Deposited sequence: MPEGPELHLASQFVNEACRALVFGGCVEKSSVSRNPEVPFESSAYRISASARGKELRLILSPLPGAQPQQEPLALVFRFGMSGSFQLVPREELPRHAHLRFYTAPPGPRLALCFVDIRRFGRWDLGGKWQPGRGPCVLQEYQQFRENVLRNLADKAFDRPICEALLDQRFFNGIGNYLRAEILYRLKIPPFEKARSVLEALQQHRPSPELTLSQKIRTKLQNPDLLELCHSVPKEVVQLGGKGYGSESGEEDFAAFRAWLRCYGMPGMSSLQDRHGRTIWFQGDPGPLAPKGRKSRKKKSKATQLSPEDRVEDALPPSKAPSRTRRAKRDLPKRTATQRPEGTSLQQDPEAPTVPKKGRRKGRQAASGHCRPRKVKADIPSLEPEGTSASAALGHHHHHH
């Protein structure tokens, strides 16, 4: 449920649904506090795109589909466990909170948003969350500008490790990517953000892009990968997050920051 996983999940929706046609209603599990998706069409296609830590699905009726229905966009945040699966209609995983059903010619499948802790959220309406900065994978240049044009923001008074989670400037970076980013440059996690950034080979804002981009290139499921294949690849990619020999500390919100060496000046 960081930027690489959101991005992988959107490619997964795009490839796995390339040749599917969905039909009928969009079904929500009983226990989910998210809104119902008012949307029905007898033949519709599903596509996605990611931005940062959000993913957007577009439901698009084929020509002639019934009820009349305009394209609908839904935006998902994954929380600590969100994911998508394509499964056989009658073999729904345990926590499938939102389900999309294929239509006949072929075997009956269900595309499901699966989310065990239910920190995930979706919204009707298709807009990115106001306030999230640009995507570090897909909008690098905008991402880099939005940080540099704004170093006066009180966000940058904080440790660089806490600033890297702030989605207003680092949309996409989560807890493993911060430790990996910081570790490639050996920046103490508790340096003040503004000092590391004012200054303006790869620097820290470049690593915010190419680091998550390396996870995307492993393919697979990234953090969400243990039967493995996917999983062994990811765990082999990590140099820092949770590794033996590393230090860790809690930041001011209780999140664990892995690192090596100097904790840096603002440490608890």
* Which parts of the deposited sequence lack C-alpha coordinates? -> 1, 202 to 221, 247, 291 to 400
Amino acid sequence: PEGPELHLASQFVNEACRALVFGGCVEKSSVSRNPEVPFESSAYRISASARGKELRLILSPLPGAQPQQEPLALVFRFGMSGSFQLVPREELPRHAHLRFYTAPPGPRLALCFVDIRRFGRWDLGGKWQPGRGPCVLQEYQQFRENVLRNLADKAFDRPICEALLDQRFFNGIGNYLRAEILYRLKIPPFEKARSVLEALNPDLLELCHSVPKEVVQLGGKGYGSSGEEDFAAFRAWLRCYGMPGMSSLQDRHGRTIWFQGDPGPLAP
From here on, numbers count along this sequence of modelled residues.
* Quick one: higher average CA temperature factor, 181 to 189 or 99 to 107? -> 99 to 107
* When the C-alpha temperature factors are averaged for each of 89 to 97 and 129 to 137, which stretch ends up with the higher value in the entry? -> 89 to 97
* Asked: For the listed residues 206, 228, 54, 214, which one has the largest C-alpha B-factor as given in the deposited model?
  -> 228
* Criterion, highest CA B-factor; candidates, 58, 218, 65, 243 -> 218
* To do: Divide the modelled residues of the chain into thirds by Cα B-factor and specify which third, lowest, middle or highest, holds residue 124.
  => highest
* Comparing residue 44 with the other modelled residues of its chain, is its CA B-factor in the lowest, middle or highest third? -> lowest
* So where's residue 11 on the chain's Cα temperature factor ranking, which third? -> middle
* Could you look up the Cα B-factor of residue 50 in the entry and say which third of the chain it sits in: lowest, middle or highest? => lowest
* Going by the recorded CA B-factors, say which third of the chain residue 5 sits in, lowest, middle or highest. => lowest
